[PDB]
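The structure appears below as structure tokens.
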Amino acid sequence: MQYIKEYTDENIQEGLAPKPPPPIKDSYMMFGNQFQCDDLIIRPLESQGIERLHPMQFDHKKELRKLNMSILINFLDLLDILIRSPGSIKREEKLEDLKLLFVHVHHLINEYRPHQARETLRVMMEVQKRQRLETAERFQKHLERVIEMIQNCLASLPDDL
Amino acid sequence: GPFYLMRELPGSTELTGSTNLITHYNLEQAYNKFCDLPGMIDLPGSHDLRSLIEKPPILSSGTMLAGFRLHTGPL
Amino acid sequence: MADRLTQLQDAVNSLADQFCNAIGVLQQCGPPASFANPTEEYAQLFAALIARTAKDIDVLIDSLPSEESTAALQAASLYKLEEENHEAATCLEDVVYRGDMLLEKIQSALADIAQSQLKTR
Amino acid sequence: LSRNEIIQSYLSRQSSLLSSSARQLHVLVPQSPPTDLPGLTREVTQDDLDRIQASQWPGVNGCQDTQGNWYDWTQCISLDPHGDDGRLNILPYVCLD
């Protein structure tokens, strides 16, 4: 670990001689060890690296139920491999196969994660709005009570006079 | 309809470990026989140190001239 | 954390773990042969657990949101909520302003009563 | 890895069941051909936003149920998909604050 010493040497000065902040980077950086280039998609697609089993119909809940049932049936077929021919080539495919299935079951529900994120903003806004109105109504009731309180005390005072 | 990544299971009963491997491998009658040869060879001979040296050589792995040079007396 | 989504992720991982545990138990331990009962009990329990996990995963999948509520329906609702939050903010500001004026008036009146009562002495 | 024993196997059982978990399931939801931006393409209107704010919409604003009880996104749903005493507890989807 080290401390940037050249810029801290730069900072000890007066007048306008100190330095300005650096401009914003809109391209590849190298923070840490990863790159973290900007304009990235939050969910990088499945077509970048692995196969894709599902079409663009993509109605998430049906395909998640399909992938659940496919995981269970491929486990049963792996049991059929272990019963019939353990020395087959297919088990290596099978021990790859359900792996791909498991990847997709994660990769679909990660696609619920931006949506969940957006949706929590929505309900926060609704709760925010409601709380504002509640305080408004609360305060107005207090205001009314204070007014009538003042009124009845004023209603008391000529009765003393 | 079809589940994702269904495939064909192997041939119904190929060679497994669930068969009787011995009876398939024609070794049944030897087992049905089987289930000392020191004693079975002492049927021929008398009984069964330097025999330890015999086993150690096992674990390690001019006849007329000998009869002529075998001169030794009786008594 | 604490979402239906993290529950579904942990349920799917528990399914994969029950697969590996079921094979590693039911191959490592068994009665020898004939050309035990604890192992049979283990098999029944493992099958029941895998079935229960599958049912739970299916229920959680049914529970999450549909393929309606696309992102634009979220965004337009967010826009409408920003507008109504602005209106609620100005309304709260108006009621606070009226209360502040009334409070300053009653405060000054009470101060004048106190000044008169101290001056009479 | 090398050895699994009664007590350790039962530990695996209780840990896996505590992680995971007359019908009382959610009411089934069909496929949805009208979706708002891609599918049906509604020009931004107003009935949809009023439905998403005030009314009950079972795919968008909450999860409905048999025995009638409505649950929006910030609540936790207690169900029993099996015929046992063990109850599934779906946690809230949003968890505000």
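Each chain in the structure tokens gets a letter, A, B and so on, in the order shown; residues start at 1 in every chain, and ligands are counted from 1 in the order they appear.
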Near segment 8-14 of chain C, counting only C-alpha atoms, which residues have an atom at most 10 Å away, once you skip same-chain residues fewer than 6 positions from it, shown as a PyMOL selection string? (chain A and resi 68+102+105-106+109-110) or (chain C and resi 20+50+53-54+56-61+64) or (chain D and resi 15-17+19-21+90)
When DSSP is applied to the backbone of this structure, which of segment 27-111 of chain A are assigned alpha helix (DSSP H)? Write them out as a ChimeraX atom specification. /A:60-84,90-110
For the residues in that selection, give me N, CA and C atoms as a compact mmCIF listing (two decimals), in the first residue's frame.
```txt
# COMPACT_ATOMS: atom_id res chain seq x y z
N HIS A 60 -41.33 -15.09 -18.40
CA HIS A 60 -40.42 -15.51 -17.34
C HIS A 60 -40.92 -16.60 -16.42
N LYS A 61 -42.18 -16.51 -15.99
CA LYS A 61 -42.67 -17.46 -15.00
C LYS A 61 -42.88 -18.84 -15.60
N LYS A 62 -43.36 -18.91 -16.85
CA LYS A 62 -43.52 -20.19 -17.51
C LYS A 62 -42.19 -20.85 -17.78
N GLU A 63 -41.19 -20.08 -18.18
CA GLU A 63 -39.90 -20.67 -18.46
C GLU A 63 -39.17 -21.03 -17.18
N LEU A 64 -39.48 -20.35 -16.08
CA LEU A 64 -38.89 -20.76 -14.82
C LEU A 64 -39.50 -22.06 -14.33
N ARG A 65 -40.80 -22.24 -14.52
CA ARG A 65 -41.42 -23.52 -14.18
C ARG A 65 -40.92 -24.63 -15.08
N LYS A 66 -40.72 -24.32 -16.36
CA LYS A 66 -40.14 -25.27 -17.31
C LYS A 66 -38.73 -25.67 -16.90
N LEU A 67 -37.94 -24.72 -16.41
CA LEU A 67 -36.57 -25.04 -16.07
C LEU A 67 -36.49 -25.80 -14.76
N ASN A 68 -37.42 -25.54 -13.84
CA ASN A 68 -37.54 -26.37 -12.64
C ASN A 68 -37.84 -27.81 -13.00
N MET A 69 -38.82 -28.02 -13.87
CA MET A 69 -39.19 -29.38 -14.20
C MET A 69 -38.10 -30.05 -15.01
N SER A 70 -37.39 -29.28 -15.83
CA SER A 70 -36.31 -29.84 -16.62
C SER A 70 -35.14 -30.25 -15.73
N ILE A 71 -34.89 -29.49 -14.66
CA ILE A 71 -33.83 -29.85 -13.72
C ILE A 71 -34.16 -31.16 -13.03
N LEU A 72 -35.42 -31.33 -12.63
CA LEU A 72 -35.78 -32.56 -11.94
C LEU A 72 -35.76 -33.77 -12.88
N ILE A 73 -36.19 -33.59 -14.12
CA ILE A 73 -36.22 -34.72 -15.04
C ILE A 73 -34.82 -35.07 -15.50
N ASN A 74 -33.92 -34.09 -15.59
CA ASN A 74 -32.55 -34.44 -15.92
C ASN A 74 -31.83 -35.07 -14.75
N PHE A 75 -32.26 -34.78 -13.52
CA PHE A 75 -31.71 -35.54 -12.41
C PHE A 75 -32.17 -36.98 -12.45
N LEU A 76 -33.42 -37.20 -12.84
CA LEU A 76 -33.91 -38.57 -12.97
C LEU A 76 -33.21 -39.31 -14.11
N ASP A 77 -32.90 -38.60 -15.19
CA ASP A 77 -32.18 -39.24 -16.29
C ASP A 77 -30.72 -39.49 -15.92
N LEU A 78 -30.16 -38.67 -15.04
CA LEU A 78 -28.83 -38.98 -14.54
C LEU A 78 -28.86 -40.20 -13.65
N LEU A 79 -29.96 -40.39 -12.92
CA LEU A 79 -30.11 -41.63 -12.18
C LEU A 79 -30.25 -42.82 -13.13
N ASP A 80 -30.86 -42.60 -14.29
CA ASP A 80 -30.95 -43.68 -15.28
C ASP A 80 -29.59 -43.98 -15.89
N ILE A 81 -28.75 -42.96 -16.05
CA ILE A 81 -27.36 -43.18 -16.46
C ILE A 81 -26.64 -44.03 -15.42
N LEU A 82 -26.79 -43.67 -14.14
CA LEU A 82 -26.07 -44.40 -13.10
C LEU A 82 -26.60 -45.81 -12.92
N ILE A 83 -27.85 -46.04 -13.29
CA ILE A 83 -28.38 -47.40 -13.24
C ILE A 83 -27.88 -48.21 -14.42
N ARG A 84 -28.00 -47.67 -15.63
CA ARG A 84 -27.79 -48.50 -16.83
C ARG A 84 -26.33 -48.61 -17.23
N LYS A 90 -22.31 -40.04 -22.00
CA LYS A 90 -23.41 -39.10 -21.81
C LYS A 90 -23.44 -38.48 -20.44
N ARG A 91 -22.97 -39.20 -19.41
CA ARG A 91 -22.98 -38.67 -18.06
C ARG A 91 -22.14 -37.41 -17.95
N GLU A 92 -21.03 -37.35 -18.70
CA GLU A 92 -20.24 -36.13 -18.71
C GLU A 92 -21.05 -35.00 -19.30
N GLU A 93 -21.72 -35.28 -20.42
CA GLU A 93 -22.73 -34.36 -20.95
C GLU A 93 -23.80 -34.09 -19.92
N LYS A 94 -24.28 -35.14 -19.24
CA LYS A 94 -25.33 -34.95 -18.24
C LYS A 94 -24.82 -34.14 -17.07
N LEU A 95 -23.56 -34.34 -16.68
CA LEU A 95 -23.05 -33.56 -15.55
C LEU A 95 -22.70 -32.16 -16.00
N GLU A 96 -22.62 -31.96 -17.32
CA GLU A 96 -22.62 -30.61 -17.84
C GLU A 96 -24.04 -30.10 -18.00
N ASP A 97 -24.96 -30.99 -18.38
CA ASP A 97 -26.26 -30.59 -18.92
C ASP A 97 -27.08 -29.82 -17.91
N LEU A 98 -27.29 -30.42 -16.74
CA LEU A 98 -28.08 -29.76 -15.72
C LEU A 98 -27.35 -28.55 -15.16
N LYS A 99 -26.02 -28.52 -15.30
CA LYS A 99 -25.27 -27.32 -14.94
C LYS A 99 -25.73 -26.14 -15.75
N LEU A 100 -25.87 -26.34 -17.06
CA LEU A 100 -26.40 -25.30 -17.93
C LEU A 100 -27.80 -24.91 -17.51
N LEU A 101 -28.60 -25.91 -17.10
CA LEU A 101 -29.95 -25.62 -16.65
C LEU A 101 -29.92 -24.77 -15.40
N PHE A 102 -28.99 -25.08 -14.49
CA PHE A 102 -28.93 -24.32 -13.25
C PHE A 102 -28.50 -22.90 -13.52
N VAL A 103 -27.66 -22.72 -14.54
CA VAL A 103 -27.20 -21.38 -14.88
C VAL A 103 -28.37 -20.54 -15.34
N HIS A 104 -29.27 -21.15 -16.12
CA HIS A 104 -30.39 -20.40 -16.64
C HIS A 104 -31.38 -20.07 -15.54
N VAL A 105 -31.49 -20.94 -14.53
CA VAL A 105 -32.43 -20.66 -13.46
C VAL A 105 -31.92 -19.52 -12.61
N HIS A 106 -30.60 -19.35 -12.57
CA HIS A 106 -30.11 -18.15 -11.93
C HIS A 106 -30.23 -16.97 -12.87
N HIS A 107 -30.00 -17.20 -14.16
CA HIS A 107 -29.94 -16.06 -15.05
C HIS A 107 -31.29 -15.45 -15.32
N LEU A 108 -32.36 -16.22 -15.21
CA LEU A 108 -33.67 -15.59 -15.29
C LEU A 108 -33.99 -14.77 -14.05
N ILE A 109 -33.63 -15.23 -12.86
CA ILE A 109 -34.15 -14.53 -11.69
C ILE A 109 -33.28 -13.33 -11.37
N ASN A 110 -32.06 -13.31 -11.90
CA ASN A 110 -31.29 -12.08 -11.89
C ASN A 110 -31.93 -11.02 -12.76
```
Residues of chain A no more than 8 Å from chain D, counting only C-alpha atoms: send them over as a compact mmCIF listing (two decimals) with C-alpha atoms, in the first residue's frame.
```txt
# COMPACT_ATOMS: atom_id res chain seq x y z
CA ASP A 59 -42.64 -15.15 -20.41
CA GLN A 116 -37.42 -5.30 -8.23
CA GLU A 119 -40.35 -1.36 -8.22
CA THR A 120 -39.01 -0.56 -4.79
CA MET A 124 -41.13 4.18 -1.77
```
Would you write out, as CSV, a table of all residues in chain C that have an atom no more than 8 Å from an atom of chain A, listing for each the closest atom pair and the distance in Å to one decimal, considering only C-alpha atoms and ordering rows by chain and rising residue number?
```
residue,atom,partner,partner_atom,distance
C:5,CA,A:109,CA,7.1
C:9,CA,A:106,CA,7.1
C:12,CA,A:105,CA,8.0
C:19,CA,A:75,CA,7.8
C:54,CA,A:68,CA,7.4
C:57,CA,A:68,CA,7.9
C:58,CA,A:65,CA,6.5
C:61,CA,A:61,CA,6.4
C:62,CA,A:61,CA,7.1
C:66,CA,A:61,CA,7.1
C:67,CA,A:59,CA,6.0
C:71,CA,A:115,CA,7.0
C:74,CA,A:119,CA,6.7
C:77,CA,A:122,CA,7.3
C:78,CA,A:122,CA,5.9
C:81,CA,A:125,CA,6.4
C:82,CA,A:125,CA,7.6
C:84,CA,A:129,CA,7.4
C:85,CA,A:129,CA,5.4
C:88,CA,A:133,CA,6.4
C:89,CA,A:132,CA,7.1
C:91,CA,A:136,CA,7.7
C:92,CA,A:136,CA,5.3
C:95,CA,A:140,CA,6.9
C:96,CA,A:139,CA,7.9
C:99,CA,A:143,CA,6.5
```
Taking only C-alpha atoms into account, find every residue of chain B that has an atom no more than 7 Å from chain A, and write it out as a PyMOL selection string. chain B and resi 3-4+9-10+12-14+16
Could you tell me which residues of chain C sit within 12 Å of chain B when counting only C-alpha atoms, and give me the result as a ChimeraX atom specification? /C:33-35
Writer output for current selection, N, CA and C atoms, as a PDB file, in the first residue's frame:
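As a result, part-v3.pdb now contains:
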```
ATOM      1  N   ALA C  33     -25.391 -57.109  -0.461  1.00  0.00           N
ATOM      2  CA  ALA C  33     -26.257 -57.700  -1.521  1.00  0.00           C
ATOM      3  C   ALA C  33     -26.674 -59.143  -1.225  1.00  0.00           C
ATOM      4  N   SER C  34     -27.399 -59.756  -2.170  1.00  0.00           N
ATOM      5  CA  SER C  34     -27.835 -61.177  -2.055  1.00  0.00           C
ATOM      6  C   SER C  34     -28.173 -61.648  -3.469  1.00  0.00           C
ATOM      7  N   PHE C  35     -27.508 -62.695  -3.975  1.00  0.00           N
ATOM      8  CA  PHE C  35     -27.714 -63.104  -5.361  1.00  0.00           C
ATOM      9  C   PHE C  35     -28.814 -64.152  -5.479  1.00  0.00           C
TER      10      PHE C  35
END
```
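Residue nearest residue 41 of chain A within the list A:111, A:152, A:160, A:21: A:111 [criterion: smallest interatomic distance, only C-alpha atoms].
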How many Å separate atom CA of residue 84 of chain D from atom CA of residue 1 of chain C?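 These two atoms are separated by 27.8 Å.
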Pick from D:23, D:63, D:7, D:42, whichever lies nearest to chain C using only C-alpha atoms: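 Ranking D:23, D:63, D:7, D:42 by distance to chain C, first place goes to D:63.
Taking atom CA of residue 32 of chain C and atom CA of residue 4 of chain D as the two end points, the separation is 17.3 Å.
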